[PDB]
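Asks:
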Amino acid sequence: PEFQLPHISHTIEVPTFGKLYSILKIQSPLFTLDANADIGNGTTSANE
Amino acid sequence: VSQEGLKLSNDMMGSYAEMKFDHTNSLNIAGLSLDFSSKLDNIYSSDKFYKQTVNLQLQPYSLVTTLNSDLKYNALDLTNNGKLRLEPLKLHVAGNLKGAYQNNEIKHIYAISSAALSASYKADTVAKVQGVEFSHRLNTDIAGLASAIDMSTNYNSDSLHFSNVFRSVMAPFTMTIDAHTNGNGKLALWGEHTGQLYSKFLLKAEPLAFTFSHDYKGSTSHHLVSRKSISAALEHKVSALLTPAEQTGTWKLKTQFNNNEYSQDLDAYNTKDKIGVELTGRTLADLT
Amino acid sequence: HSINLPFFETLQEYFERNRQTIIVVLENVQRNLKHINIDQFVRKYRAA
Amino acid sequence: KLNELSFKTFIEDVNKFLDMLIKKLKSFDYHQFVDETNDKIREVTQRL
């Protein structure tokens, strides 16, 4: 692959967080487990 | 002793029964040159003797040196040779070495040169003992600075054929690796064992972009006594992309033991938008 | 996200002021040199 | 140069030069470099 570098400005480049999930699923006729863990940050507004 | 130069010649003979000694020297001075010759001959028996030829020639801007010796003993032989051409701004070394005994003969080839401030080396070693050969090849272009290397070892036998080919260049900026190993074991001691070997490693290294491909194919069957046919199959591929733009990697460990097979699909992901991995374990187990 | 802080622009305007002053000083020096051309130096050297 | 020298412009020029240098290093050809060295040594030999 070719090299990629975002440009550098006098400002600060901090990408905002998206959302985090933990998809887990277990397939066995003895027991089936399909629990899930999900979490994210409020991106409705910068102040909140 | 004269104004032209020194002359020295010493000849000692000796003979009795079977052991006969014939030794002579040749030492003269001609202006700025030396003509050396010591013909040393030690004949003890017909197949049991020794020879030595030491001859030195001195001249400006050059060197002549001849070194050949002979040695035998009935069923045993050992011979060697050497060429030394040392000259300004260059180098030229060659010769021969060979040791043979009855059936098993070992032959070696060597030659050392240097020109344009670049070293040159090449070695060949051929071993043939009890019908088992050993073809190990080392290629030339061995200089030291931005040079290359290439090794070729070949093993052939009635129970194992081995073959590996390696080729790599240690360039200052880029870097390459070529590994290709193939083997096949044929063992019959207490059951049949097919030691089949499949190996391949490749790698390309360069600044801010690293990558590598490894593929392995290990399958070996064990046909023992009392229908103990054991099939061992281990197949994995190693791959990952290493660059600041993106980081990732894939690894598929595929193995099986007779009726019990396991697979794992291991993949790594790391980009500026997301990062994470995936797990998938499939197990097939028998019994109760 | 582009995080920006007032110290960034404070430094930027200080740097702008400094560059303006240095350009002014350089122009002053260049004008002073062009005022006394090399011919005057040559004539003074010959007189000495 | 002083008038054109700005923090944003200077960092942009630095990023440009590093990017082009990395691009040249990635596409760095051994035989091209060897021929370039041969050409330069021959040029120096002819000059001397």
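Protein chains in written order, with PDB author numbering: chain A, 2739 to 2786; chain B, 1731 to 2018; chain C, 2067 to 2114; chain D, 2403 to 2450. For every residue, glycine included, the Cβ atom is placed at its ideal position computed from N, Cα and C.
Closer than 8 angstroms is the cut-off here; do at least three beta carbon pairs connect the stretch 1946–1959 of chain B with the stretch 1924–1933 of chain B?
Replies: Segments in contact, yes.
Asks: First and last residue of the alpha helix (DSSP H) that includes B/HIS1866?
Replies: It is not in any alpha helix (DSSP H) - B/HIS1866 instead sits in the beta strand (DSSP E) that spans 1862–1868.
Asks: At a Cβ threshold of 8 angstroms, is D/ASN2405 touching chain C?
Replies: True, the Cβ-Cβ gap to chain C drops below 8 angstroms.
Asks: Between which two residues does the alpha helix (DSSP H) harbouring B/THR1796 extend?
Replies: Note, B/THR1796: premise wrong, no alpha helix (DSSP H); beta strand (DSSP E) at 1792–1803.
Asks: Tell me whether A/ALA2784 is buried or exposed, calling it buried when 16 or more other Cβ atoms sit within 10 Å of its Cβ.
Replies: With fewer than 16 other Cβ atoms within 10 Å, it is exposed.
Asks: Would you please verify whether the beta carbon of A/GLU2740 is less than 8 angstroms from any beta carbon of chain C?
Replies: So no, A/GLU2740 is outside the interface.
Asks: Does the beta carbon of C/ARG2085 come closer than 8 angstroms to any beta carbon on chain D?
Replies: Yes - at least one Cβ of chain D is within 8 angstroms of the one on C/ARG2085.
Asks: By Cβ distance, which residues of its chain are closer than 7 angstroms to B/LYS1984, with the 5 residues on each side in sequence left out?
Replies: Within the same chain, B/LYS1984 has close Cβ partners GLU1965, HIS1966, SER1993.
Asks: Of all Cβ atoms in chain E, is any one closer than 8 angstroms to the Cβ of B/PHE1940?
Replies: This model lacks chain E altogether; the protein chains it does include are A, B, C and D.
Asks: Please identify the residue among B/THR2018, B/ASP2016, B/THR2010 whose C-alpha is closest to the C-alpha of A/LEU2762.
Replies: Ranking B/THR2018, B/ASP2016, B/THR2010 by Cα distance to A/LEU2762 puts B/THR2010 first.
Asks: Please list, in chain order, the chain A residues whose beta carbon lies closer than 9 angstroms to that of B/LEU1971.
Replies: Correct list: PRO2739.
Asks: State yes or no: is the C-beta of D/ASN2417 within less than 8 angstroms of the C-beta of A/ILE2746?
Replies: Contact flag set, yes.
Asks: Quick one, which of B/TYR1746, B/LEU1757, B/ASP1752, B/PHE1751 has its alpha-carbon nearest B/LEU1736's?
Replies: Here the closest residue by C-alpha is B/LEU1757.
Asks: According to the neighbour-count rule (16 or more other Cβ atoms, all chains shown, within 10 Å of its Cβ), is B/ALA1939 buried or exposed?
Replies: With 16 or more Cβ atoms within 10 Å of its Cβ, B/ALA1939 is classed as buried.
Asks: Between B/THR1911 and the rest of its own chain, which residues show a CB-CB distance below 6 angstroms, the 5 nearest in sequence each way excluded?
Replies: Hits under 6 angstroms: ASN1894, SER1929.
Asks: If contact is defined by three or more beta carbon pairs under 8 angstroms, each pair taking one atom from either stretch, is the stretch 1759–1769 of chain B in contact with the stretch 1779–1791 of chain B?
Replies: Yes: the two stretches touch, three or more of their Cβ pairs being nearer than 8 angstroms.
Asks: Hey, could you find the ends of the beta strand (DSSP E) B/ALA1939 is sitting in?
Replies: Note, B/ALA1939: beta strand (DSSP E), 1939–1953.
Asks: Against chain A, with Cβ distances strictly below 8 angstroms, would B/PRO1974 count as a contact?
Replies: Yes - at least one Cβ of chain A is within 8 angstroms of the one on B/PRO1974.
Asks: Would you list, in chain order, the members of the stretch 2403–2428 of chain D that have their beta-carbon closer than 9 angstroms to a beta-carbon of chain B?
Replies: Of all residues in the stretch 2403–2428 of chain D, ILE2424, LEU2427, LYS2428 have a Cβ within less than 9 angstroms of some Cβ in chain B.
Asks: So, helix, strand or coil for B/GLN1733, using DSSP?
Replies: Coil.
Asks: Find the residues of chain D that neighbour C/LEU2099, judging by a C-beta separation of less than 7 angstroms, and give them in chain order.
Replies: Residues of chain D passing the Cβ test: none, with the nearest at roughly 17 angstroms.
Asks: What number of angstroms, rounded off, separates the C-alpha of D/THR2439 from the C-alpha of D/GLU2445?
Replies: Roughly 10 angstroms between the two C-alpha positions.
Asks: Does the stretch 1839–1859 of chain B come close enough to the stretch 1867–1875 of chain B that 3 or more CB-CB pairs lie under 8 angstroms?
Replies: Touching, yes.
Asks: So, for B/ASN1834: in the same chain, excluding its five sequence neighbours on each side, which residues have a beta-carbon less than 6 angstroms away from its beta-carbon?
Replies: Excluding positions up to five away in sequence, the list reads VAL1859.
Asks: For a contact defined as C-beta to C-beta under 7 angstroms, what are the partners of B/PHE1903 on chain D?
Replies: Result: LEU2427, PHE2430.
Asks: What's the C-alpha gap between B/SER1775 and B/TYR1885?
Replies: If I take the Cα positions, the gap works out to 39 angstroms.
Asks: For D/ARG2449, which three-state DSSP category applies?
Replies: DSSP places D/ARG2449 in helix when its eight states are reduced to three.
Asks: Under 8 angstroms, Cβ to Cβ, is there at least one residue of chain A near C/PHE2074?
Replies: Cβ-Cβ to chain A under 8 angstroms: yes for C/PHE2074.
Asks: With DSSP collapsed to three states, give me the class of B/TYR1774.
Replies: DSSP places B/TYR1774 in coil when its eight states are reduced to three.
Asks: With distances taken Cα to Cα, identify the nearest neighbour of B/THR1904 among D/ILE2424, D/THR2447, D/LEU2450, D/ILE2443.
Replies: Residue D/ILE2424 is the option with its Cα nearest to B/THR1904.
Asks: Secondary structure at C/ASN2098, three-state DSSP: helix, strand or coil?
Replies: C/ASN2098: helix per DSSP, three-state reduction.
Asks: Bridge partners for B/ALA1963 per DSSP, in chain order?
Replies: DSSP lists B/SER1949, B/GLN1986 as partners of B/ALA1963.
Asks: Measuring alpha carbon to alpha carbon, tell me which of B/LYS1750, B/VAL1784, B/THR1754 ends up nearest B/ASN1772.
Replies: That would be B/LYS1750, whose Cα lies nearest to the Cα of B/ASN1772.
Asks: Go through its chain and collect everything with a Cβ distance to B/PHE1987's Cβ below 7 angstroms, but skip five positions before and after it.
Replies: So the list reads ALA1962, once near-sequence residues are dropped.
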